[PDB]
Structure formats: structure tokens, C-alpha cells
Amino acid sequence: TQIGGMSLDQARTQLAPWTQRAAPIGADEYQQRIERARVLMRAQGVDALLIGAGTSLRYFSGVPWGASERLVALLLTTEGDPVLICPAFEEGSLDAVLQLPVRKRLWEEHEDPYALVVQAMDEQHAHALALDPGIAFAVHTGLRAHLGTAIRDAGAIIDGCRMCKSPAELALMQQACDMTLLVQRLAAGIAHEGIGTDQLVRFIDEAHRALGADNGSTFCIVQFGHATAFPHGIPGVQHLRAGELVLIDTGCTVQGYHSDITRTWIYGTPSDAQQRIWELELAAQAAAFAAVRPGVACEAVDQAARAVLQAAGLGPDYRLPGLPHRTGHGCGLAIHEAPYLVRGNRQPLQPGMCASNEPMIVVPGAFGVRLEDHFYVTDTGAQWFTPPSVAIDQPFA
Amino acid sequence: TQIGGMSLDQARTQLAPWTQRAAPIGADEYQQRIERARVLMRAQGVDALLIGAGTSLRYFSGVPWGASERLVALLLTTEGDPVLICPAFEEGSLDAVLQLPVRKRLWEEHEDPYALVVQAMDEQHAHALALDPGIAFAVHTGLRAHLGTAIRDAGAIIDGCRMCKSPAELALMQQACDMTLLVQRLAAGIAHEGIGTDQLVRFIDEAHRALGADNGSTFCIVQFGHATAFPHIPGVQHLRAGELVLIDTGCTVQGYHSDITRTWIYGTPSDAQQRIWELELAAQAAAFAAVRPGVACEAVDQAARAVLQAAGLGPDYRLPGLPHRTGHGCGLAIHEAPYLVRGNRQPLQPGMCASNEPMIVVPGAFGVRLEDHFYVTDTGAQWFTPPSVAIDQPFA
Ligand SMILES: [Mn+2]
Ligand SMILES: [Mn+2]
Ligand SMILES: [Mn+2]
Ligand SMILES: [Mn+2]
């Protein structure tokens with residue numbers, strides 16, 4: 003009963019704005035983030051940290067703008083309000099989004115914003131910069147015109163803050179996930195013979211927007227039939243036929259925090275091969291989840307999924323039929339962030355880490371099945387953000 | 003009569019799929035871009051170039067994927083097919099979009115892709131790498147772990163290719179602009195008392211899709227009244244008689260961007276609105292009249308500012324006036340070199356494409372932004388779209 007048979011206007015009747023709205027991040031929590039960054043800076047022997055516009059700037063300062071060709075950055079040192087380097091003409095706009103007190107250092111269009119970063123270093127006798135790994139390489143070129151000391155990669159400091167989510171972060175993420183899960187549910191409901199992949203993408207966007215996501219669908223992949231064999235798809239619109247699997251991978255943000263959920267379900271009657279692979283995928287996902295608790299190396303969670311596949315005669319390693327990519331990724335303010343659930347990653351799981359659990363099986367020439375739900379690590383184990391699917395024709399628990 | 007009076011029904015009658023479709027970029031032109039990069043690399047003493055996923059990888063290879071945490075890159079050396087560094091699991095999906103013959107070098111999830119880059123360098127005896135300045139700093143870290151030699155910034159090489167558009171690229175951008183102009187005109191026509199900023203966003207997207215844009219609207223800003231003085236925090240507004248409307252939108256066609264702003268009055272304008280609107284047009288016109296081969300980009304920005312100063316606004320970036328640059332290059336990116344900004348000595352040359360948008364802000368009152376792009380010709384410039392005629396005639 004979850005697949006097909008829902009009219010567009012029936013689905014529409016389940017799309018009122020979401021009424022269980024998590025609290026934004028508070029001022030105190032931004033100070034705690036700065037404080038934690040300072041601990042990790044000192045641990046690494048760094049005395050200044052430069053964070054570019056994008057997910058990390060939003061994390062530390064609230065500023066949500068996307069990166070551009072104009073340097074917008076926070077420069078954190080071991081004391082005092084961090085410096086916010088920003089185009090002069092954007093000052094009014096910056097003041098309206100900041101969640102953290104800052105010392106603003108503004109540059110007019112022809113002025114060199116990298117000189118301002120280094121001047122603010124020199125003012126506090128800081129000579130050991132770490133730079134945001136997400137920032138454009140052009141920024142290392144700019145800083146090099148003025149800085150002669152070693153520039154360290156800030157990834158350890160940034161991850162060491164962001165990997166473990168606070169309760170407020172978890173609730174924002176949960177909201178986003180509950181919204182997208184509903185959207186997934188309605189998309190499965192309106193599916194019918196002949197529906198276009200593009201029509202389902204457009205519905206999903208409309209539906210996330212109606213529920214009050216920040217900005218509709220963050221992304222959306224919809225594939226039918228043989229196209230499901232490509233983990234990230236191929237160009238081209240498809241039209242649905244009985245007997246095909248349907249893989250829908252989509253998500254939204256709520257105050258920048260992501261959902262990221264995949265469902266793969268049959269439309270019509272499945273073959274034995276489809277059933278067999280779908281069950282195996284549910285089982286691989288379930289084994290990865292059972293492996294999660296504090297102290298467990300991230301690679302062990304990936305190993306747990308591959309062990310199920312290999313005991314069914316798939317794999318080993320990335321061999322196809324099997325799992326050609328890692329089991330999962332971290333999620334937060336970015337879709338993909340630390341920690342990664344991947345072979346070779348010894349990083350121990352800690353309470354509050356969030357990650358995907360999406361051990362997709364690909365059968366070359368045929369189809370793929372990806373079941374994707376995220377979890378967070380609790381004090382004694384893990385918790386699903388969204389409950390896994392139940393069957394090939396029952397995508398929703 | 004450009005503004006208002008049109009039904010949604012009438013607008014839809016002008017929304018058949020675009021029939022004058024510009025040719026996609028062909029296999030030979032990708033090879034010419036690779037060749038062009040190679041001479042630039044030789045001119046600058048560089049023997050290896052790494053391009054990351056994004057507009058530059060698309061330019062060189064046709065791969066359109068946005069950058070992610072996994073290295074997807076093209077490594078170009080002084081000879082042989084370029085090397086495409088890619089996750090192994092994405093190989094099938096990479097093959098469906100590649101437009102250039104490459105030597106694929108695939109890595110499994112636990113393997114170090116930066117190692118592959120350096121091994122490909124070492125096989126060619128390349129030791130003088132330039133790195134895409136748009137790529138994440140993480141890639142510098144990854145490469146530096148394997149290299150003792152300098153990692154140069156590739157921006158001279160990449161801009162030396164991308165800034166001057168081929169005829170094929172100009173035609174694709176022309177298509178994108180012609181479609182977006184129509185959308186702008188329809189949006190003006192359907193505007194009425196009460197209409198939502200959100201309803202206009204939605205219609206704009208629908209229209210861009212109906213005409214055959216790559217993916218609807220690329221972006222859409224719609225501002226009414228006092229909000230036009232705040233060019234950068237969204238919020239839904241409803242239209243009233245006496246308000247300015249500013250609509251900034253664009254699409255892509257084979258990834259080539261349009262980016263057009265129109266600002267017009269709904270109802271009767273005040274004398275201040277009229278005077279600033281006229282000034283905006285004049286500033287835009289003076290910038291365009293400055294464009295010709297060998298003019299410095301900053302001379303084009305100064306030409307706009309001179310208009311505003313002669314009329315008593317400014318000076319410099321002071322308001323009421325022009326608080327930021329006059330315009331930006333445009334291509335596969337909305338914003339790319341060359342920038343029409345004070346301090347930029349870069350001389351314009353034939354084929355360069357940029358925006359001309361010397362917005363006037365009157366603080367706390369309103370703003371008027373007129374935005375049309377141009378390309379540089381052998382003797383002067385050519386508008387992709389013709390400028391507005393009047394505060395109540397947004398379309399020439
Ligand atoms: Mn995922
Ligand atoms: Mn996903
Ligand atoms: Mn624009
Ligand atoms: Mn523009």
C-alpha cells in the first residue's frame with residue numbers, strides 16, 4: 003500500500019508547514035564552539051585559525067552565505083572577539099546575520115583582504131596559522147603575498163569541533179530528516195506507470211518547500227530500472243514501467259542542517275534477483291548499525307556491512323556484485339563531512355557523531371539497491387534519525 | 003504597458019520550447035582548450051596542471067559535477083591524453099559525461115588519490131605543478147604531503163583560456179540571455195497589486211523550464227519598495244502601487260549563464276526614483292561606451308563612477324552611489340574573470356564577457372540595478388541584451 007495510488011492533490015493535502023520546529027542555535031553554543039576550537043588550536047600548536055564563508059563560517063559565526071570570489075572569513079586567535087574580514091559594502095548584511103560578537107575588518111573592492119588577515123595576526127603576535135581546508139586555494143595564494151610562516155591545514159581543528167553534534171544540532175537534523183522522510187513517502191505514493199523522473203524531482207522540491215525547508219530540495223536523484231546501477235546516476239529523464247526499481251535520494255536543510263535519505267522500492271512485481279538483493283541490502287545496513295557504539299573504529303562499521311555481503315557470496319572488498327563505495331559519511335552543516343565510515347579510518351566513534359548508513363549494492367548490467375538512513379552515536383550505541391525500510395514494497399517503517 | 007495587464011494564460015502562450023538552440027560545445031573545441039592551456043603552461047614555466055571538479059573541469063572535459071570531498075580532477079602535462087583522477091565506483095557515471103579522451107586513473111575509497119596525481123607527474127617527469135585556484139585547500143594539503151616542490155596558482159592559465167569566449171560559447175550564452183530576457187518581460191507583464199515575491203520566483207522558474215533552460219532558474223532575486231535598498236535576508240513581500248520592483252534572474256544553457264536585472268516602477272514613480280533610475284541607465288551606458296580592446300577593466304568601473312559623481316552622488320563607494328564594483332566576468336560561472344573593479348589593470352580583449360551593473364543604492368529608501376552583459380568585439384562591445392529604456396519601459 004505505500005507505492006502508487008495517491009493523486010497529486012491528495013499528497014498536497016499532507017503538505018502543511020511543519021509545526022514541530024527545532025530551536026535555532028543559541029549565542030552561548032556559538033561561544034562554546036569557539037572555545038572548543040581554541041582548545042584544538044593550542045593542542046596542535048596553532049595560534050590563529052582562518053575560516054572561510056561556507057559551512058564552517060556558519061558553524062562558528064552564524065553567517066550562512068556561500069563562498070564567493072570575495073574573501074569573507076573569521077580569524078580566530080587565542081584571545082578576544084574573533085576578527086570578521088568582510089567586504090565593506092556587505093557590513094549591514096553581515097550585521098543582520100552574525101550570531102557571535104566580532105571585530106569587523108572591512109575592505110573596499112580594490113583593497114587587499116589578505117593584508118587584513120595578516121595585519122590582525124601581527125597585532126596579536128600570532129605566527130602559526132591554520133587554514134580551513136574547505137576554502138578556495140586562491141586564499142593560500144593571497145595570504146602568501148604577506149605571510150612567510152607555515153600554513154597548517156585546519157581540518158583536525160574543524161572536525162574536532164563539528165563531528166560531535168550538540169542536542170540542538172541533533173534536533174535541527176531530526177526535523178530535516180522527518181520532513182524529507184514524509185516527502186519520500188508522498189513521492190512513493192504518487193508514483194504511477196509513465197511518471198517522469200523529472201516530475202518526481204519537481205514534486206519533491208515543491209513538497210520540501212511546502213513543509214518549510216530552508217530552500218526546497220538540497221539535491222534530488224531519481225532513477226528507474228537499470229539506471230539504479232549507477233551510484234550517482236546518469237543524465238537523461240526516464241519514465242516508469244512496472245517491474246523497475248525506483249531509487250530516490252533527496253534531502254533538505256533546516257537552519258543549514260542536512261537530511262540525506264535514500265529509498266529504493268519496486269514499482270509492480272519484483273524479480274527474485276530484485277528481492278534477494280533488496281533483502282541483502284537491508285541486512286547490510288542493519289549489520290552496520292549494530293556495529294555502532296562509542297569506541298568502535300569507523301572502518302569497523304564498514305567492515306560489518308561488507309561481512310553480510312560476503313557471507314551471501316557478494317564482494318569481497320569492493321568487487322561487484324557488491325558494495326563499490328564506503329558504507330557512510332558524516333553529516334551535519336554539510337552533506338558530506340567527518341567522520342567517514344570507510345576502510346582505513348581508525349577514528350573512534352563518539353557520542354553525538356552523525357553519519358549515513360548506505361551500503362549500496364550494485365549488480366552490474368542490472369540494477370542497484372541503496373537504502374540510506376542516518377544515525378547518531380549515543381552513550382551506549384546509536385539511534386536512527388529515520389527508521390529503515392521494511393520491505394521491497396514497503397519503503398516506510 | 004510592459005508592466006502589468008498580462009494574464010498567466012497569456013504569458014503561457016509565449017512559453018513554447020526555444021526553437022533557436024545553440025550548438026553544444028564539440029569534441030574539437032575541448033581539444034583546442036587543452037592546447038591553449040598547454041601553451042599557457044609553457045609560457046609560465048609550468049609543466050603540470052591540476053583542475054578540480056567544478057566550472058574549470060567542465061570547461062576542459064565536459065564533466066559537470068560539483069566539487070565534493072572526493073578528488074575528481076584532470077591532470078594535464080606537456081603531452082599525451084590528460085589524466086582524469088576519479089573514484090573507481092563513479093567510472094560508469096564519468097564515462098556518460100566525459101567529452102574529452104582521457105587516461106582514467108581510478109582510486110578505491112581507502113586509497114590516496116593525491117598519490118595518483120604525483121605518480122602521473124613522476125611518469126611524465128613533471129615537477130612544476132600549477133593548481134586550480136578554485137579548488138579546496140584540502141587538495142594543496144594532499145599534494146604537499148607527496149611533493150617537495152612548489153605548487154603554483156593556476157589562475158593565469160585558467161583565466162588565459164576562459165576569459166575570451168569562442169563563437170560557440172558566445173552563442174550559448176546568447177541563448178541563455180535571450181530566454182531570460184523573455185522571462186523577465188513576462189514577469190513584468192503578469193505583475194499586479196498584491197502579487198507575492200514568491201509567486202514571481204515561481205513563475206520565473208516555470209518559464210525558464212518551459213523555454214528549455216538546463217535546470218529552470220539558476221537563481222532569482224525579487225525585491226519590492228524599500229527592500230531594493232538592501233541588495234543582500237530574504238522574506239516574502241506583496242506588491243503595492245508606487246514601489247520599485249527589482250528582478251535579478253538567470254539560467255544556463257549547456258552550463259553557460261545569463262544574469263539579468265531589471266528595475267521598474269509599479270504605478271507612479273516619485274521624482275527621486277525617476278532621477279536615480281535615469282542616472283543608473285546613464286552610468287550603465289557610460290561603462291558600456293568605455294569598452295573596447297586595450298581598455299583596463301578598472302577604466303570601465305571608473306566610467307560608471309564618473310557619471311554618478313558628476314550628478315552629485317558618491318564619490319568612490321559612498322552612498323547614495325555605487326558601493327561595490329561595476330561588474331564581473333561571466334561564462335561557465337556566474338562570476339569569473341575579468342572583474343570590472345578599481346585596481347584591475349587587466350586590458351579587455353575580444354571575446355571577453357562581463358556584466359554591466361553599476362547599482363545605485365539610496366540608503367533606507369530604494370536601489371536601482373540595471374544589469375545587462377556584453378562581450379568585447381574587435382572595435383568596441385556588443386550587448387547580449389539591450390538595456391532598458393525607461394523606469395516604466397524595462398524592455399527595449
Ligand atoms: Mn549520503
Ligand atoms: Mn544520499
Ligand atoms: Mn544578477
Ligand atoms: Mn551579475
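Just so you know, the sequences run in chain order A and B.
Residue 399, in the entry's author numbering, is where the first sequence stops; the numbers in between run on with no holes.
Under the entry's author numbering, the residues of the second sequence are numbered 3 to 234, 236 to 399, in order.
Beta carbons: idealized from backbone N, C-alpha and C, even for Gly.
Assuming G144/B is part of the alpha helix (DSSP H), what are its boundary residues? As a working mapping, residue 144/B is identified with position 142 in the second sequence. Note, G144/B: alpha helix (DSSP H), 139 to 146.
For ligand 6, which residues count as neighbours when the test is a C-beta closer than 6 Å to any heavy atom? Only ligand 1, ligand 2, ligand 3 and ligand 4 can be found as ligands here, which leaves ligand 6 out of the picture.
Could you have a look at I27/A and say whether DSSP puts it in helix, strand or coil? Here residue 27/A corresponds to residue number 25 of the first sequence, with the count starting at 1. If DSSP states are grouped into helix, strand and coil, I27/A belongs with coil.
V120/A and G54/A - do their beta-carbons sit closer together than 9 Å? Walking along the first sequence from the start, residue 54/A turns up at place 52. Walking along the first sequence from the start, residue 120/A turns up at place 118. No. Outside cutoff.
Measuring CA to CA, which of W109/A, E81/A, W67/A is closest to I87/A? On the first sequence, residue 87/A is found 85 positions in, with the first residue counted as 1. The residue with the shortest Cα to Cα distance from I87/A is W109/A.
Start and end residues, alpha helix (DSSP H) containing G162/B: Locating residue 162/B in the second sequence gives position 160, where the first residue counts as 1. Run containing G162/B: 157 to 164, per the alpha helix (DSSP H) assignment.
Any non-hydrogen atom of ligand 3 within 8 Å of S58/B CB: Stepping through the second sequence from its first residue, residue 58/B is reached at position 56. No, the beta carbon of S58/B sits no closer than 8 Å to any heavy atom of ligand 3.
By Cβ distance, which residues of its chain are closer than 8 Å to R40/A, with the 5 residues on each side in sequence left out? Working through the first sequence from its first residue, we reach residue 40/A at position 38. Cβ neighbours of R40/A beyond the five flanking positions: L78, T80.
Under the criterion of a Cβ to heavy atom distance below 8 Å, does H331/B qualify as lining ligand 4? One-based indexing of the second sequence puts residue 331/B at position 328. Yes, ligand 4 has a heavy atom inside 8 Å of this Cβ.
Please check if any C-beta of chain A sits within less than 9 Å of the C-beta of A309/B. The residue labelled residue 309/B in the question sits at position 306 within the second sequence. Output row for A309/B: interface = no.
Among residues of its own chain, excluding the 5 on either side of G162/A, which ones have a beta-carbon nearer than 6 Å to its beta-carbon? If you number the first sequence from 1, residue 162/A lands on position 160. Here the set comprises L42.
Using a Cβ cut-off of 9 Å, which residues of the region 126 to 143 of chain A contact any Cβ in chain B, in chain order? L133, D134, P135, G136, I137, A138, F139, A140, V141, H142, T143
To the nearest angstrom, how far is the alpha carbon of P341/B from that of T380/B? For the purposes of this step, residue 341/B is taken as the residue at position 338 of the second sequence. For the purposes of this step, residue 380/B is taken as the residue at position 377 of the second sequence. In a straight line, the C-alpha of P341/B is about 15 Å away from that of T380/B.
Output needed for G367/B: all residues of its chain with C-beta closer than 8 Å, excluding positions within five of it in sequence on either side, in chain order. The residue you call residue 367/B lines up with position 364 of the second sequence. Only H228, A231 meet the Cβ criterion.
List, in order along the chain, the chain A residues whose C-beta lies closer than 8 Å to that of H148/B? Mapped onto the second sequence, residue 148/B falls at position 146. Those within 8 Å of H148/B in chain A number zero; the least Cβ separation is about 14 Å.
Would you mind stating whether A69/A and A138/A have Cβ atoms separated by less than 9 Å? Within the first sequence, residue 69/A is the residue found at index 67, counting from 1. Within the first sequence, residue 138/A is the residue found at index 136, counting from 1. Taking 9 Å as the Cβ cut-off, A69/A and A138/A qualify as a contacting pair.
Along chain A, in chain order, which residues have C-beta atoms closer than 9 Å to that of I236/B? Your numbering for residue 236/B matches position 233 in the second sequence. Under the 9 Å cutoff, chain A gives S95, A98, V99.
Check each candidate in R38/A, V294/A, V365/A, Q312/A and name the one with the smallest Cα separation from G330/A. Position 328 of the first sequence, counted from the start, is the residue given in the question as residue 330/A. Measuring from the Cα of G330/A, the nearest candidate turns out to be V294/A.
Find the nearest neighbour of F291/B within the set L335/B, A212/B, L343/B, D155/B, judged by alpha-carbon distance. Position 288 of the second sequence holds residue 291/B. Considering only alpha carbons, the answer is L343/B.
Cβ closer than 8 Å: which chain B residues qualify as neighbours of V239/A? Within the first sequence, the letter at position 237 stands for residue 239/A. Result: empty, since nearest Cβ-Cβ is about 12 Å, beyond 8 Å.
Against chain A, with Cβ distances strictly below 9 Å, would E111/B count as a contact? As a first step, residue 111/B must be located in the second sequence, where it is residue number 109. Closer than 9 Å to some Cβ of chain A, the Cβ of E111/B qualifies, so yes.
State the beta-bridge partners of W267/A as determined by DSSP. On the first sequence, position 265 is the one that residue 267/A refers to. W267/A pairs with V248/A.
Would the beta-carbon of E360/B fall within 9 Å of that of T252/B? For the purposes of this step, residue 360/B is taken as residue 357 along the second sequence, with counting starting at 1. For the purposes of this step, residue 252/B is taken as residue 249 along the second sequence, with counting starting at 1. For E360/B and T252/B, no; Cβs fall outside 9 Å.
Is the beta carbon of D155/A less than 9 Å from the beta carbon of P135/A? Indexing the first sequence from 1 puts residue 155/A at position 153. Indexing the first sequence from 1 puts residue 135/A at position 133. Their beta carbons are under 9 Å apart, which means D155/A touches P135/A by this criterion.
What residues of chain B sit near residue 1/A, judged by a beta carbon separation below 9 Å? This structure cannot speak to residue 1/A, because chain A is shown only from 3 to 399.
For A152/B, tell me which candidate among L51/B, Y32/B, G370/B has the shortest Cα-Cα distance. By one-based count along the second sequence, residue 152/B stands at place 150. Residue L51/B is the option with its Cα nearest to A152/B.
Taking the beta strand (DSSP E) that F221/A belongs to, which residues open and close that run? Sequence index remark: in the first sequence, residue 221/A carries index 219 (1-based). From DSSP, the beta strand (DSSP E) with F221/A extends over 221 to 226.
Any contact of the region 21 to 35 of chain A with the region 58 to 65 of chain A, i.e. 3+ C-beta pairs under 8 Å? yes
Give a single yes or no on whether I279/A has its beta carbon closer than 8 Å to a heavy atom of ligand 1. The residue labelled residue 279/A in the question sits at position 277 within the first sequence. It does not: the Cβ of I279/A is nowhere closer than 8 Å to a heavy atom of ligand 1.
Between which two residues does the beta strand (DSSP E) harbouring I87/B extend? For the purposes of this step, residue 87/B is taken as the residue at position 85 of the second sequence. Its beta strand (DSSP E) spans residues 85 to 89.
DSSP state of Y378/B mapped onto helix, strand, coil: Residue 378/B sits at position 375 when you count from the first residue of the second sequence. Three-state result, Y378/B: strand.
Just how far apart, CA to CA, sit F221/A and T382/B? Within the first sequence, numbered from 1, the residue matching residue 221/A stands at position 219. Within the second sequence, numbered from 1, the residue matching residue 382/B stands at position 379. The straight-line gap from Cα to Cα measures roughly 44 Å.
DSSP puts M355/A in a beta bridge; with which residues? Locating residue 355/A in the first sequence gives position 353, where the first residue counts as 1. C166/A, per the DSSP bridge assignment.
Can you round the beta-carbon distance between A393/B and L188/B to whole angstroms, since I take them to be within the 8 Å contact cut? Position 390 of the second sequence holds residue 393/B. Position 186 of the second sequence holds residue 188/B. With 8 Å as the limit, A393/B and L188/B do not qualify as a contact, their Cβ atoms being about 19 Å apart.
Identity of the residues DSSP links to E339/B by a beta bridge: Start at 1 with the first residue of the second sequence, and residue 339/B comes out as number 336. According to DSSP, which records beta bridges pairwise, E339/B is partnered with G332/B.
Straight-line CA distance for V371/A to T15/A? By one-based count along the first sequence, residue 371/A stands at place 369. By one-based count along the first sequence, residue 15/A stands at place 13. Between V371/A and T15/A, the C-alpha separation is close to 30 Å.
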